[PDB]
Amino acid sequence: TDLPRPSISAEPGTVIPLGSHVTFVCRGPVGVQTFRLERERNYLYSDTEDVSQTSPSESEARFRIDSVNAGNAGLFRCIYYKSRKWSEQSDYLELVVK
Amino acid sequence: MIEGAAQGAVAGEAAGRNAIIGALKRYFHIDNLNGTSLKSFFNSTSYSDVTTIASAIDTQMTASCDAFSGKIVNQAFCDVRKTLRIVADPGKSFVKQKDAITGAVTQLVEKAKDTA
Ligand SMILES: *[C@@H]1O[C@H](CO)[C@@H](O[C@@H]2O[C@H](CO)[C@@H](O[C@@H]3O[C@H](CO)[C@@H](O)[C@H](O)[C@@H]3O)[C@H](O)[C@H]2NC(C)=O)[C@H](O)[C@H]1NC(C)=O
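Protein chains in written order, with the working numbering: chain R, 749 to 846; chain P, 41 to 156.
Pasting the structure below:
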């Protein structure tokens, strides 16, 4: 309840040419133990504990795909684990590959 | 005489391997483990070795149900994370995948030998 909602962004953007790179950046509060990047389904996920505290109140984790294919297209969202509880999920982000 | 004790011994080993293989296939909806068929997988490792199988299933689940890989051919295998309450649920404590798999494999081997 006390955990703020994480946010998800994509760099350089939501539209990636076939074969090019993309990075999903998950941002939450300081002290995130684990960031989990989920697909359209809860059971398809990747976890990371390398969370870098950028500012005294904001930490982030990066999930990078070097070369996207058509299967990477679709929805992604972030959720983080802190103080013995999962936070609420972020909004979904649609990745478009062209 | 001597070669029936032989065919009897491998008939029993075959029925045990078949029991655990069926249980893993029906519960995890997987046909291959650690780069090889489950029949080939059980030529090298024991049929009741909960630790080895659970670690191999954990490693495969982390590798085949990820956010990077794109299209996942076998959704039913990844769907087991929902059965074992491994998917993140806001407001609740962490559930480690390896531990839930270990408990599941424990039940499955007990059930197979229960068949025996
Ligand atoms: C799971 O897959 C791995 C391969 O990705 C298999 O691992 C290898 O298993 C063999 C035994 O069958 C190990 O033994 C031997 O190691 C010596 C060196 O001590 C080497 O000279 C042999 O050629 C052979 O490799 C080997 O160390 C082991 N390697 C690794 C990285 O695990 C494993 O057997 C598979 N498990 C099942 C149940 O299929």
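Just so you know, even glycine gets a beta-carbon here, dropped at the ideal spot from N, CA and C.
Within 8 Å: the Cβ of residue i and any heavy atom of ligand 1?
i	result
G822 of chain R	no
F81 of chain P	yes
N74 of chain P	yes
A94 of chain P	no
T91 of chain P	no
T762 of chain R	no
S835 of chain R	no
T796 of chain R	no
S88 of chain P	no
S104 of chain P	no
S84 of chain P	yes
By DSSP, does residue i sit in helix, in strand, or in coil?
i	result
residue 696 of chain R	Look at the range of chain R in this structure, 749 to 846, and you will see that residue 696 of chain R is not part of it.
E53 of chain P	helix
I813 of chain R	strand
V763 of chain R	strand
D98 of chain P	helix
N58 of chain P	helix
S104 of chain P	helix
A128 of chain P	coil
Could you tell me the boundaries of the alpha helix (DSSP H) in which residue i lies?
i	result
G143 of chain P	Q137 to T155
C118 of chain P	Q115 to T123
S84 of chain P	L78 to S84
Should residue i go down as buried or exposed, given a rule of 16 or more other Cβ atoms within 10 Å for buried?
i	result
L766 of chain R	exposed
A55 of chain P	exposed
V844 of chain R	exposed
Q47 of chain P	exposed
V120 of chain P	buried
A94 of chain P	buried
What's the C-alpha gap between residue i and residue j?
i	j	result
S807 of chain R	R125 of chain P	27 Å
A144 of chain P	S815 of chain R	36 Å
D750 of chain R	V763 of chain R	34 Å
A51 of chain P	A45 of chain P	10 Å
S800 of chain R	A809 of chain R	6 Å
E43 of chain P	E53 of chain P	15 Å
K136 of chain P	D154 of chain P	27 Å
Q781 of chain R	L792 of chain R	20 Å
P760 of chain R	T99 of chain P	31 Å
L73 of chain P	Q115 of chain P	16 Å
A59 of chain P	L823 of chain R	39 Å
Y67 of chain P	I97 of chain P	12 Å
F81 of chain P	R789 of chain R	30 Å
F783 of chain R	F117 of chain P	22 Å
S88 of chain P	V149 of chain P	6 Å
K830 of chain R	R57 of chain P	42 Å
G819 of chain R	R753 of chain R	27 Å
Return the first residue and the last residue of the beta strand (DSSP E) that residue i is part of.
i	result
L823 of chain R	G822 to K830
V770 of chain R	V770 to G776
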